């Protein structure tokens, strides 16, 4: 009620980065960004919306969309910059998709269900 915002997306830190992305029993969506980057700010509200969208509405107990920062944490995966979007298909621990630049939200959603093994959408 009084507090509806705050903590909208799932949090993934080096302390639980592996346990999460590893979870093949469910759909995982990790997005890396920088707290100083501007382009990331615009993608912040977008990725945050769709995140909680299915995270609780459709795949409440099947999908997990979290966002990590390149400042300090696990992030074993390499990055050219940051504005990155990876999707781990449930059951396929070796087929993470890599976005070449988010253009819209409709594309990010259709991707999770397209590349995602669980079809989180």
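Is it possible to state the helix-based mean residue ellipticity at 222 nm for the chain, with each DSSP H run of 4+ residues giving -39500 (n - 2.57), the sum divided by total residues, to the nearest 500 deg cm²/dmol? What is it?
Per the formula, -9000 deg cm²/dmol.
On a full-extension model of 0.36 nm per residue, what is the gain between residue 103 and residue 25, subtracting their alpha-carbon distance, rounded to one decimal in nm?
Answer, rounded to one decimal: 25.2 nm.
Per q in 0.16, 0.17, 0.24 Å⁻¹, report the Debye log10 I(q)/I(0) for segment 1-68, using one uniform scatterer on each alpha carbon and no solvent.
Log-scaled intensity ratios, in q order: -0.57, -0.64, -1.12.
Please check: in the Gaussian network model of the chain (C-alpha springs, under 10 Å), which one of 91, 51, 38 has the largest mean-square fluctuation.
So, out of 91, 51, 38, the one fluctuating most is 38.
Most exposed first by the Cβ proxy, i.e. fewest other Cβ within 10 Å, how do 103, 62 rank?
In increasing order of surrounding Cβ atoms, one gets 103, 62.
Only Cα pairs within less than 10 Å get springs; with that Gaussian network setup on the chain, which residue of 44, 90, 66 has the largest fluctuation?
Highest fluctuation of the listed residues: 44.
Which residue fluctuates most in the GNM of the chain (Cα springs below 10 Å): 79, 30, 65?
Highest fluctuation among the options: 79.
Regarding the chain, what's the average projected area of the Cα-atom convex hull, expressed in nm²?
7.6 nm²
Positions of Cβ are generated from backbone atoms using ideal geometry, with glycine treated the same way; all protein chains shown enter the neighbour counts. Read-outs throughout are calculated quantities, based only on the coordinates presented, and are distinct from any laboratory measurement.
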